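Okay, so here's the structure we're looking at.
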Amino acid sequence: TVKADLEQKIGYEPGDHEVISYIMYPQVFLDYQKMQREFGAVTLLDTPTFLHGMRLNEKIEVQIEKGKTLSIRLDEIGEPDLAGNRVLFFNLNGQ
Amino acid sequence: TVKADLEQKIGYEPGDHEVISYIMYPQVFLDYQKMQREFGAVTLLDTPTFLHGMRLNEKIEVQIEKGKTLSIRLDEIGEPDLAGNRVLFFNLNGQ
Amino acid sequence: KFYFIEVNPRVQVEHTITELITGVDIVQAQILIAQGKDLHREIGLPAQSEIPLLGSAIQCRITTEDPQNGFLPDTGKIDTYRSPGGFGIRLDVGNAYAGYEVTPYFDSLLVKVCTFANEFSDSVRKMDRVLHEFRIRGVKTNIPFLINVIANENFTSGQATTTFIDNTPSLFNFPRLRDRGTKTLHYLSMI
Amino acid sequence: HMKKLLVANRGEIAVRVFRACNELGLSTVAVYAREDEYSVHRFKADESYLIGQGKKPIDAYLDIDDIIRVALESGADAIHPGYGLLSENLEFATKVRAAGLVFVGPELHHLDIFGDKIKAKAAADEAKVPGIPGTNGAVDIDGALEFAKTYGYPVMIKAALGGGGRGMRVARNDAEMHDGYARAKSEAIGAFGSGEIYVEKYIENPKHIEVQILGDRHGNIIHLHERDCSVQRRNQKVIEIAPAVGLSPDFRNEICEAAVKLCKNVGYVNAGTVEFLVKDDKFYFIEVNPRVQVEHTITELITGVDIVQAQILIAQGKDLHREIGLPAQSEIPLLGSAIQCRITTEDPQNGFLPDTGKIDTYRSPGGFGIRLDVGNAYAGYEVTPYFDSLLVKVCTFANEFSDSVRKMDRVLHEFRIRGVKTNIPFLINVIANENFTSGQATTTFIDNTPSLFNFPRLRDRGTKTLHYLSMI
Ligand SMILES: CC(=O)SCCNC(=O)CCNC(=O)[C@H](O)C(C)(C)COP(=O)(O)OP(=O)(O)OC[C@H]1O[C@@H](n2cnc3c(N)ncnc32)[C@H](O)[C@@H]1OP(=O)(O)O
Ligand SMILES: Nc1ncnc2c1ncn2[C@@H]1O[C@H](COP(=O)(O)OP(=O)(O)O)[C@@H](O)[C@H]1O
Ligand SMILES: [Mg+2]
Ligand SMILES: [Mg+2]
């Protein structure tokens with residue numbers, strides 16, 4: 001029953017470990033799944049990049065999987081607009 | 001004699017008005033020709049844009065020719081690097 | 001048993017595949033006919049039995065309709081655009097460049113891509129390669145729906161009908177896309 | 001058996017093989033040096049690995065052991081070398097086939113008989129293919145003078161290994177062959193060590209004809225068709241057309257049949273190109289390229305045959321007609337004509353030296369009859385002096401050659417690369433020429449035409465306005 005409910009919530013068929021983690025920590029597992037859907041696998045970042053983000057004119061490399069490395073360079077942080085949004089000029093994989 | 005001398009300096013065959021302008025103000029005309037090669041026809045710009053450049057998030061239109069209007073927007077001004085160069089993030093003709 | 005239903009007195013969106021399989025520039029010939037020129041004297045098009053059939057071609061319209069949202073045309077900012085190329089690939093792009101703001105005023109079309117080959121299976125394979133190589137981020141596209149239609153065996157056999165899309169519910173099952181670059185950039189910007 | 005393929009190359013050709021492998025349902029592995037970390041081909045593959053760490057970024061792509069190690073670690077069944085770098089390197093082929101990996105290329109016997117022009121000419125004469133008269137094998141300076149005396153003048157100095165301006169000089173008057181020999185030998189020992197030179201009977205105004213050859217392991221050898229690459233600058237090709245519209249069809253068929261009989265004699269497999277020099281209905285063998293050319297795209301367009309897909313499936317050991325689906329030799333069609341122009345960073349206003357710097361603008365055309373094979377030319381790409389000057393090769397194809405010419409002119413005027421200087425005005429001048437449009441262009445067409453180097457003034461007013469606005 002909780003497996004079917006979790007499949008309804010997280011949008012895919014969960015493993016036994018995911019069902020068990022949903023049983024033990026219901027709100028925490030759902031918040032973790034929402035954070036996974038929004039920010040992705042942040043566990044692959046190194047700890048200074050995970051904690052303090054990215055400096056200006058810094059070059060980092062993130063290995064998402066074997067043979068796949070993301071080249072990320074922060075070039076410019078834009079000023080906030082009237083709506084409070086800032087545009088960050090990233091250089092992802094050369095682009 | 002002076003038209004052939006002027007043609008070598010400006011890179012094209014000059015008109016009668018350009019030749020007679022070179023006689024009176026030879027350094028001023030050649031400095032004007034050098035500025036024409038670097039900045040182009042800045043006479044087409046609007047006078048606040050001619051004297052003060054662009055503000056952040058400002059959108060101007062420059063009609064360089066009949067039927068050709070450049071759409072220029074300044075999105076972000078970068079910080080100077082160690083070489084002293086700033087990168088300006090323009091949006092010329094949508095790009 | 002064929003039956004007449006309509007004539008459109010215009011150049012159509014799907015003229016590109018006819019150009020690819022015939023070698024005849026439809027828009028150029030349209031302009032030359034508007035100049036009052038003969039089709040075989042000055043344009044140079046051959047007679048009827050000498051018109052070549054140069055293989056088969058497939059046209060896919062990549063729009064901003066979101067098949068996960070009932071094919072509602074999405075709007076927003078295109079932050080990423082990568083277009084494919086190579087052998088057998090024809091591109092007719094509209095307004096799909098990086099940094100373009102998609103407005104709800106005009107049609108949903110981003111880019112028309114046409115794939116031509118001597119064999120229809122090669123055309124299907126190259127169209128699948130194009131749809132997987134194509135990368136438009138920041139706005140929703142109908143690319144997974146096009147991939148699902150391409151992968152169907154009715155399409156590859158060529159026996160699809162006008163009710164083929166509606167009769168097949170498996171075309172609306174879309175795999176989850178990881179999209180790890182966008183998520184990583186979002187988290188880096190947030191921190 | 002084959003499910004993963006590594007490409008031991010970079011740039012546009014790596015992307016081309018990646019597209020062919022993805023169409024064939026194979027996984028792709030890319031390799032890249034540290035200085036090529038922003039290349040497009042790195043991110044176009046499923047897996048990418050750094051190679052040649054600590055080396056200059058030309059030796060990294062020539063690092064045979066690192067490429068072999070990456071292919072073994074990634075579990076790649078096969079290796080495709082593309083063109084250039086280790087494409088014609090026999091040692092790379094030996095190590096690839098010895099490691100248990102399929103080499104996408106001809107056999108090793110083809111590799112050493114076509115790695116040098118002396119053994120290639122030997123195979124050509126024992127294949128009864130009419131070659132170019134010249135010295136037989138390794139001759140010295142005295143042999144060069146001997147051949148210059150008896151056979152007459154003019155002669156051409158050519159080394160066995162390489163070419164393309166490397167060890168290829170000319171001699172039309174006495175006491176020129178000595179310093180030409182010294183320069184050619186110095187250029188040979190600079191690259192490949194001591195390499196023998198063979199002196200060739202030079203031809204006044206020749207036409208360069210390449211014949212593309214596709215052969216499988218079952219012995220079926222077919223030519224797709226021929227292509228004309230006579231438009232040359234300092235004996236380097238700039239614009240290639242296909243088919244040779246300036247030649248009669250029966251003569252082109254005879255040249256293609258001669259190339260077919262040569263490749264059948266050597267038992268050729270995979271894709272290869274036979275080069276010829278052509279003058280007044282008499283062709284002469286020069287060399288065989290044991291790989292795919294940069295200008296295979298026009299052959300693909302005029303024949304409809306995917307050359308890279310076919311050579312991958314030939315490396316899979318499939319039959320050309322039953323398995324690939326390629327028809328008989330007579331059933332290979334001629335789908336109009338096609339023109340390939342390579343847009344590079346060579347600035348024609350500065351002696352065709354390759355420009356470097358950041359590209360701030362890139363707009364590419366499209367529509368009917370346009371084929372694009374882009375390398376690294378996107379907006380924001382910093383052009384490095386390490387690699388080749390090529391940005392993007394663009395091919396235009398149409399039913400008529402004049403329509404192909406006008407489509408190429410439209411493409412070159414529509415093209416916009418700002419930030420680095422390109423050879424686009426020179427290409428526009430060559431396209432606009434009456435000799436090229438008639439198709440009777442020779443190898444000396446560019447050097448005998450000074451009007452190709454007059455370039456109209458371009459007022460890039462957007463760049464100037466943005467520069468002034470940034471200044472103020
Ligand atoms: C030339 C061709 O034939 S391309 C055909 C399809 N492309 C490929 O097979 C190789 C590239 N693969 C990809 O881009 C994706 O992984 C796809 C197409 C398989 C789909 O994955 P998605 O869920 O949509 O996004 P994904 O999670 O993989 O994002 C990872 C990022 O690393 C990039 N990337 C992809 N391959 C590599 C690589 N070898 N090295 C570094 N980065 C890579 C991706 O482009 C992607 O960046 P993006 O946001 O601009 O698209
Ligand atoms: N004897 C000759 N007469 C005229 N042209 C020649 C002669 N030998 C070579 N060439 C020219 O030199 C060019 C280079 O030929 P080749 O050695 O086959 O290519 P590469 O130099 O790339 O190996 C050819 O395009 C050809 O036109
Ligand atoms: Mg209708
Ligand atoms: Mg050659």
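Observations
- Taken together, the criteria place B:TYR12 among residues that are in a loop (DSSP other than H, G, I, E, B) and either within 12 Å of chain D (Cβ to nearest Cβ) or touching a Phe, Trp or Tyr at 6+ places or on another chain (Cβ under 7 Å) (or both).
- Within the stretch D:277-288, residues that are among the basic types (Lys, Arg) sit with their Cβ atoms under 8 Å from residues that are assigned to a strand (DSSP E or B) and more than 16 Å from ligand 3 (Cβ to nearest atom), at 6+ positions apart or across chains, in these pairs: D:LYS279/D:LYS207.
- Qualifying residue in the stretch C:57-72 (condition: more than 16 Å from ligand 3 (Cβ to nearest atom), free of Cβ contacts under 8 Å to residues at least 24 places away in the same chain and within 14 Å of another protein chain (Cβ to nearest Cβ)): no
- Test: residue in the stretch C:20-43 that is within 30 Å of D:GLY325 (Cβ to Cβ) and under 14 Å from the mean Cα position of the chain (by Cα): yes
- Only one of the numbered conditions (1) within 14 Å of chain B (Cβ to nearest Cβ); (2) assigned to a strand (DSSP E or B) is not met by D:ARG371, and that is (1).
- Residues satisfying the stated conditions in the stretch D:346-368, i.e. part of a strand (DSSP E or B) and surrounded by 18 or more Cβ atoms within 10 Å (Cβ to Cβ): D:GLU346, D:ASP347, D:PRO354, D:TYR362
- Screening D:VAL305 on (1) within 16 Å of ligand 2 (Cβ to nearest atom); (2) buried (at least 21 other Cβ atoms within 10 Å of the Cβ); (3) not in a helix (DSSP H, G or I) shows it passes everything except condition (1).
- Of all residues in the stretch D:203-238 being outside any strand (DSSP E or B) and within 11 Å of ligand 2 (Cβ to nearest atom), the one that is surrounded by the most Cβ atoms within 10 Å (Cβ to Cβ): D:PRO206
- Considering residues of the stretch D:286-303 that are over 17 Å from D:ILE241 (Cβ atoms) and touching an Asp or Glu at 6+ places or on another chain (Cβ under 9 Å) only, the residue farthest from the other protein chains (Cβ to nearest Cβ): D:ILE286
- Within the stretch C:54-63, one or more residues are within 16 Å of ligand 1 (Cβ to nearest atom) and buried (at least 19 other Cβ atoms within 10 Å of the Cβ).
- Scanning the stretch C:159-191 for residues that are part of a loop (DSSP other than H, G, I, E, B), within 11 Å of another protein chain (Cβ to nearest Cβ) and out of contact with any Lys or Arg (no Cβ under 8 Å at 6 or more places or on another chain) gives C:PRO175, C:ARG176, C:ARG178, C:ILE191.
- Tally of residues being within 26 Å of the chain's Cα centre (by Cα) and touching a residue at least 24 places away in the same chain (Cβ under 8 Å) across the stretch D:445-472: 5
- In summary, D:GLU331 fulfils each of the numbered conditions (1) among the charged types (D, E, K, R); (2) within 14 Å of chain C (Cβ to nearest Cβ); (3) buried (at least 18 other Cβ atoms within 10 Å of the Cβ); (4) in a loop (DSSP other than H, G, I, E, B) with the single exception of condition (3).
- Positions within the stretch A:37-73 being of a type outside the set (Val, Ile, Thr), part of a strand (DSSP E or B) and within 14 Å of chain D (Cβ to nearest Cβ), in sequence order: A:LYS59, A:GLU61, A:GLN63, A:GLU65, A:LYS68, A:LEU70, A:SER71, A:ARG73
- All conditions but one from (1) surrounded by 14 or more Cβ atoms within 10 Å (Cβ to Cβ); (2) within 16 Å of ligand 3 (Cβ to nearest atom); (3) within 14 Å of another protein chain (Cβ to nearest Cβ); (4) of a type in the set (D, E, K, R) apply to C:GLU14; the one that does not is (1).
- Test set (1) away from every other protein chain (no Cβ under 11 Å); (2) at positive phi - D:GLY25 fails condition number: (1)
- Criterion (away from every other protein chain (no Cβ under 14 Å) and more than 16 Å from ligand 4 (Cβ to nearest atom)) met by exactly one of D:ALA315, D:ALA310: D:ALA315
- The residues listed here are C:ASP128, C:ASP179, C:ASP122, C:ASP166; of these, the one that is away from ligand 4 (no atom under 16 Å from the Cβ), of a type in the set (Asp, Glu) and touching a helix residue (DSSP H, G or I) at 6+ places or on another chain (Cβ under 6 Å) is C:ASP128.
- For the residues D:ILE343, D:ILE312, the requirement of being under 15 Å from the mean Cα position of the chain (by Cα) and either assigned to a helix (DSSP H, G or I) or crowded, with 21+ Cβ neighbours inside 10 Å (or both) singles out D:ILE343.
- Given (1) over 25 Å from D:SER364 (Cβ atoms); (2) out of contact with any strand residue (DSSP E or B) (no Cβ under 8 Å at 6 or more places or on another chain), index of the condition D:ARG457 fails: (1)
- Residue match in the stretch A:62-72 (condition: closer than 21 Å to B:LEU88 by Cα, surrounded by 14 or more Cβ atoms within 10 Å (Cβ to Cβ) and away from ligand 3 (no atom under 16 Å from the Cβ)): yes
- Which listed residue, of C:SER108, C:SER83, is within 14 Å of chain A (Cβ to nearest Cβ), within 13 Å of the chain's Cα centre (by Cα) and in contact (Cβ under 8 Å) with a residue 12 or more places away in the chain: C:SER83
- Residues in the stretch D:260-280 that are surrounded by 23 or more Cβ atoms within 10 Å (Cβ to Cβ) and within 12 Å of D:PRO206 (Cα to Cα) were compared, and the one that is nearest to ligand 4 (Cβ to nearest atom) is D:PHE276.
For (1) more than 16 Å from ligand 1 (Cβ to nearest atom); (2) touching a residue at least 40 places away in the same chain (Cβ under 8 Å); (3) over 30 Å from D:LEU427 (Cα atoms), each residue gets a yes or a no:
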residue	(1), (2), (3)
D:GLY162	yes, no, no
D:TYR181	yes, yes, yes
D:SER186	yes, no, yes
D:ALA191	yes, no, yes
D:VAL199	yes, yes, yes
D:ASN205	yes, yes, no
D:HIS208	yes, yes, no
D:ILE221	yes, yes, yes
D:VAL231	yes, yes, no
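- Scanning the stretch D:140-158 for residues that are surrounded by fewer than 19 Cβ atoms within 10 Å (Cβ to Cβ) and outside any helix (DSSP H, G or I) gives D:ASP140, D:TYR151, D:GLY152, D:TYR153, D:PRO154.
- The set of residues in the stretch D:425-444 that are in contact (Cβ under 8 Å) with a residue 40 or more places away in the chain and under 15 Å from D:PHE352 (Cβ atoms) comprises D:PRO425, D:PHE426, D:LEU427, D:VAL430.
- Residue count for the stretch A:74-95 under the criterion of being within 14 Å of chain D (Cβ to nearest Cβ), among the aliphatic types (A, V, I, L, M) and farther than 11 Å from C:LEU188 by Cβ: the result is 0.
Virtual Cβ from ideal backbone geometry, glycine too; neighbours counted across all protein chains shown. Since every read-out is calculated from the coordinates, none of them should be taken as a lab result.
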